[PDB]
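K.L.:
Right, I'll just put the structure down here and ask away after.
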Amino acid sequence: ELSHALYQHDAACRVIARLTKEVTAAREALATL
Amino acid sequence: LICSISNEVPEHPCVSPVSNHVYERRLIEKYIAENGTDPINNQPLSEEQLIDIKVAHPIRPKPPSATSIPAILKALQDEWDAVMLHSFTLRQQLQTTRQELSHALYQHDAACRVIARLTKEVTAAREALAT
Amino acid sequence: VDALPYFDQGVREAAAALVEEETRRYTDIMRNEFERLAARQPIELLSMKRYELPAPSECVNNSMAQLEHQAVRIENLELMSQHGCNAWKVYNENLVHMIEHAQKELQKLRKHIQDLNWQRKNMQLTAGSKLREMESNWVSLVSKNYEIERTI
Amino acid sequence: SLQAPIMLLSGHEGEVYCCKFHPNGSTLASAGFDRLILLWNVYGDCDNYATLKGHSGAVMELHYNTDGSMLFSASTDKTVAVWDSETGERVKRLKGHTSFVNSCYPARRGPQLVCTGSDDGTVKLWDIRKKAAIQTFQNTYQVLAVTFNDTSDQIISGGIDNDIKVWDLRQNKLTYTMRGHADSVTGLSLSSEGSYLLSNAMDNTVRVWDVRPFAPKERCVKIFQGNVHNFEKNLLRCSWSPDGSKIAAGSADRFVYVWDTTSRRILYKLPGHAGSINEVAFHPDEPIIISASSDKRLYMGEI
Amino acid sequence: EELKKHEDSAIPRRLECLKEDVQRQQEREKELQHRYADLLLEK
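Residue numbers (the UniProt record's numbering), protein chains in the order written: chain A, 102 to 134; chain B, 3 to 133; chain C, 13 to 22, 28 to 43, 63 to 93, 105 to 199; chain D, 54 to 356; chain E, 753 to 795.
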């Protein structure tokens, strides 16, 4: 349970890294438009 | 080659027919009397269900410098030291795993809230570019 | 939940701080009694520290103990030598059969897991392309909808 | 893959100029130089049952309706015969060209329309109910290939002037010209979306052109290579896959080229064709390719 | 074993979302043309 969690945690953590940079791209795009 | 309870190298290994796993007879006989089921698979198992196995026997070279004296004093002392300080240290390891479990699940759920918060943030920022 | 490991080839200190900020917000008899007491106290029970030292000039008994013990040792030594003399290496032969069996398991486990990893990797590259297809089409609309309105 | 590994479709006595898949895709109908059109059930054992005679020329262009109920093909004697898929009877023949009809297309969706092009340099719009031409567009050079957009507003014509021309049905004017071929255009075909038109030419290059209300204005969207034309001067036709991912075009080097729709990469280049290849067609549901050639045989490649 | 199952989950759903996300984008593309096409009708 510890191993499956820590793996899936840092896996789910990479979802945020991706999500944050796309969210950020939507801001300057709309802002500059 | 080993027993699947104590971590021994068995003197009279016996195999159970519900789950193919070799145990030392004394330790499997004790489990069946405590609760009549197979320790690993938790399946119904009795003493008559077991099957004794045969092998070329195991040999330990008793040290050349051995006697009743070291075997009573020095060797037996070290064995109950090694049993005592290991299980105490093993109880210390189990306590930290549960604490480090709590730091794992909290930091996990902390990340879930960031993602959920950023999932509302990103798509609405993309939507605003569409608008 | 979904986070592709194999596909996502493209910050840890940054994301750690954002995760940190969301954490700123949020059965034996008597045997067991003496064994747990011995481990807790950190003290082994004292054995017979007698046989080794002794003293010349009660000792008639202590002497007769020693003779019998010595005889047993010779008998045990012969028996021990007799077992060690031919068996001395028999245990080693058995210990090598016991060892190789563990490392065969190490391989069987190694092979399954590798296959699983490969499968996952292959699976990713599938979707990462499909996401790339979606984003290209996304950017096309984004500018298409504009160029439609600019002309109107 | 559906019951198709490769097979072999024969029966033709001359080059097989055109072949198209049943709108359903279950059945097929081909025609060529033999002045015969062949229908062989694609499924089961691939055997023809109904033959449609009534052509004093080369069934140059063969087409199908969105439904595919009505099939119309264009012959070399300047007369187009319209035959329903069921019962195979010459049902509506329209004769208005002074020379060979090189090609024909039928408008999908909107009320029934048919376009033709010929060696007299004209392009004609036909309403199947009138027994007379509706509009005539005099070019000046021989017209080889013609297709409608999905809105049924525009006619796209490829000739021997190396320039694809777009005609407006309401204005009756030369709306667009496309530059980019060094030689005659032999075959045009629209994407199922209306979005893109595929062209073969004697300039050695397969070119995709995008037709849109808002156009870049230099619509050389993509270029592909491999397709060879030679002294035979056969009309060469190309087709879009059901999903627009694949592009097939026949060649005179007996090689069935099929590029990737998005990466412009040769996905296939199958052999098994002795003579120059005149048309390649895609099954509407499954990955099945019908290749028709001047060696009088057909193959059913399965991908 | 479980990690592989997790990855499987991860795949099915990512694409289908982007697939439907793409379908909506195509609609805006599909209409914006028509208004441009109707510029020629007024002429």
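Virtual Cβ for every residue (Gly too), placed ideally from N, Cα, C.
Taking C-beta to C-beta, are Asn257 of chain D and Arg290 of chain D nearer than 8 Å?
P.N.:
Not in contact: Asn257 of chain D and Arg290 of chain D (Cβ atoms no closer than 8 Å).
K.L.:
Would you call the CB atoms of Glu13 of chain B and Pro60 of chain B closer than 8 Å?
P.N.:
A contact, by the Cβ cut-off of 8 Å.
K.L.:
So is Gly131 of chain C buried or exposed if we call it buried at 16+ other beta carbons inside 10 Å?
P.N.:
When all chains shown are included, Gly131 of chain C counts as buried.
K.L.:
Would you say the beta carbon of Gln777 of chain E is closer than 7 Å to some non-hydrogen atom of the ligand ATP?
P.N.:
In terms of ligand content, the structure shown is empty, and the ligand ATP therefore cannot be addressed.
K.L.:
Does the CB of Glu37 of chain C have a neighbour CB from chain D at under 8 Å?
P.N.:
No, no contact with chain D.
K.L.:
Sort D:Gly174, D:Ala185 and D:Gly67 by Cα distance to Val167 of chain D and report the nearest one.
P.N.:
Checking every option, the nearest Cα to that of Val167 of chain D belongs to D:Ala185.
K.L.:
Which ranges does the beta strand (DSSP E) cover as unbroken runs of at least 3 residues, wholly within the stretch 107-168 of chain D, from first to last along the chain?
P.N.:
Counting only runs of 3 or more, we get 123-127, 133-137, 143-147 and 154-159.
K.L.:
May I ask which residues mark the beginning and end of the alpha helix (DSSP H) holding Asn141 of chain C?
P.N.:
Note, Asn141 of chain C: alpha helix (DSSP H), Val137 to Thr198.
K.L.:
Whose C-alpha, out of D:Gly78, D:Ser83 and D:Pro58, is nearest the C-alpha of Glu68 of chain D?
P.N.:
Residue D:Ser83 is the option with its Cα nearest to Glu68 of chain D.
K.L.:
Helix, strand or coil for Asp83 of chain B? Go by DSSP, reduced to three states.
P.N.:
Looking at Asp83 of chain B - three-state DSSP - the assignment turns out to be helix.
K.L.:
Can you list, in chain order, the residues of the stretch 241-267 of chain D whose Cβ is nearer than 7 Å to any Cβ on chain C?
P.N.:
If the cut-off is 7 Å between Cβ atoms, the stretch 241-267 of chain D has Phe267 near chain C.
K.L.:
What does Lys756 of chain E touch in chain C if you count any residue whose Cβ is under 7 Å from its own?
P.N.:
Within chain C, the residues near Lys756 of chain E are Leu163, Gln166 and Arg167.
K.L.:
Alpha carbons only, please: which of D:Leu61, D:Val196 and D:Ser242 is nearest the one belonging to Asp100 of chain D?
P.N.:
When only C-alpha atoms are compared, the closest one is D:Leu61.
K.L.:
Is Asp216 of chain D near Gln195 of chain D, with beta carbons less than 8 Å apart?
P.N.:
Not a contact, by the Cβ cut-off of 8 Å.
K.L.:
Put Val309 of chain D into one of helix, strand or coil per three-state DSSP.
P.N.:
If DSSP states are grouped into helix, strand and coil, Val309 of chain D belongs with the strands.
K.L.:
Against chain A, with Cβ distances strictly below 8 Å, would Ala34 of chain C count as a contact?
P.N.:
No, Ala34 of chain C does not count as interfacial toward chain A.
K.L.:
Is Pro92 of chain C buried or exposed, if buried means 16 or more other CB atoms sit within 10 Å of its CB?
P.N.:
Exposed, because fewer than 16 other Cβ atoms sit within 10 Å of the Cβ of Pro92 of chain C.
K.L.:
Under the three-state reduction of DSSP, which class applies to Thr258 of chain D: helix, strand or coil?
P.N.:
Of the three classes helix, strand and coil, the one that applies to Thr258 of chain D here is coil, per DSSP.
K.L.:
Measure how close the beta-carbons of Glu355 of chain D and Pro58 of chain D come, nearest whole angstrom, since I'm counting them as under 8 Å.
P.N.:
Contact flag correct, Cβ pair sits at about 6 Å.
K.L.:
What are the residues of the stretch 774-787 of chain E that lie near chain D, defined by any Cβ-Cβ distance shorter than 8 Å?
P.N.:
The residues in question are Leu784, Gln785, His786 and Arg787.
K.L.:
Relative to chain A, which residues along the stretch 94-113 of chain B have a C-beta separation below 8 Å, given in chain order?
P.N.:
Here the close residues are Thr99, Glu102, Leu103, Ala106, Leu107, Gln109, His110 and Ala113.
K.L.:
I'd like the span of the beta strand (DSSP E) that includes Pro15 of chain B, first residue to last.
P.N.:
Where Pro15 of chain B is concerned, the enclosing beta strand (DSSP E) stretches over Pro15 to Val17.
K.L.:
Taking the alpha-carbon of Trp82 of chain B as reference, which of C:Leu172, C:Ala75, C:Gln171 and C:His116 has the nearest alpha-carbon?
P.N.:
The option with the nearest alpha carbon to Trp82 of chain B is C:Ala75.
K.L.:
Anything in chain D within Cβ reach of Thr198 of chain C, meaning under 9 Å, just list it in chain order.
P.N.:
The contacting residues are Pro266 and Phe267.
K.L.:
Less than 8 Å between the C-beta atoms of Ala327 of chain D and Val311 of chain D, yes or no?
P.N.:
Going by C-beta atoms, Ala327 of chain D is not nearer than 8 Å to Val311 of chain D.
K.L.:
Return the Cβ separation of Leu251 of chain D and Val261 of chain D in integer angstroms, given the expectation that the two are a contact with Cβ distance under 8 Å.
P.N.:
6 Å between Cβ atoms; contact.
K.L.:
With 8 Å set as the bound, which would you pick, yes or no: does the beta-carbon of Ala126 of chain A sit closer than that to a beta-carbon of chain C?
P.N.:
Chain C, which has no Cβ nearer than 8 Å to the Cβ of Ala126 of chain A, makes this no.
K.L.:
Taking the runs of the alpha helix (DSSP H) that are 4 residues or longer, which of them lie wholly in the stretch 238-285 of chain D?
P.N.:
Entirely contained in the stretch 238-285 of chain D, not one alpha helix (DSSP H) run reaches 4 residues.
K.L.:
Rank D:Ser248, D:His282, D:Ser344 and D:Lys275 by C-alpha distance to the C-alpha of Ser316 of chain D and give the top, closest one.
P.N.:
Of the candidates D:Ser248, D:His282, D:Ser344 and D:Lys275, the one whose C-alpha sits nearest the C-alpha of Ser316 of chain D is D:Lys275.
K.L.:
By how many angstroms is the C-alpha of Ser79 of chain D removed from the C-alpha of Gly97 of chain D?
P.N.:
Whole-angstrom Cα-Cα distance: 10 Å.
K.L.:
At 7 Å on the CB atoms, spell out the chain A contacts of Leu92 of chain B, in chain order.
P.N.:
The contacting residues do not exist; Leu92 of chain B stays about 16 Å from chain A at best.
K.L.:
Taking a Cβ distance cut-off of 8 Å, strictly less, list which residues of the stretch 760-772 of chain E are near chain C, in chain order.
P.N.:
From the stretch 760-772 of chain E, only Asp760, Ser761, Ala762, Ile763, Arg765, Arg766, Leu767, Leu770 and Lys771 have a Cβ closer than 8 Å to chain C.
K.L.:
With a cut-off of 8 Å, does the C-beta of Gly131 of chain C fall near any C-beta of chain B?
P.N.:
Closer than 8 Å: yes.
K.L.:
Thinking C-alpha only, which one of D:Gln278, D:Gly240 and D:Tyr249 is nearest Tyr70 of chain D?
P.N.:
Out of D:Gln278, D:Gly240 and D:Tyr249, D:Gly240 has the C-alpha closest to the C-alpha of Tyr70 of chain D.
K.L.:
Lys349 of chain D by DSSP, collapsed to three states: which one?
P.N.:
Residue state, collapsed to three classes: coil.
K.L.:
Using DSSP bridges, identify the partner residues of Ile342 of chain D.
P.N.:
According to DSSP, which records beta bridges pairwise, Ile342 of chain D is partnered with D:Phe335 and D:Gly354.
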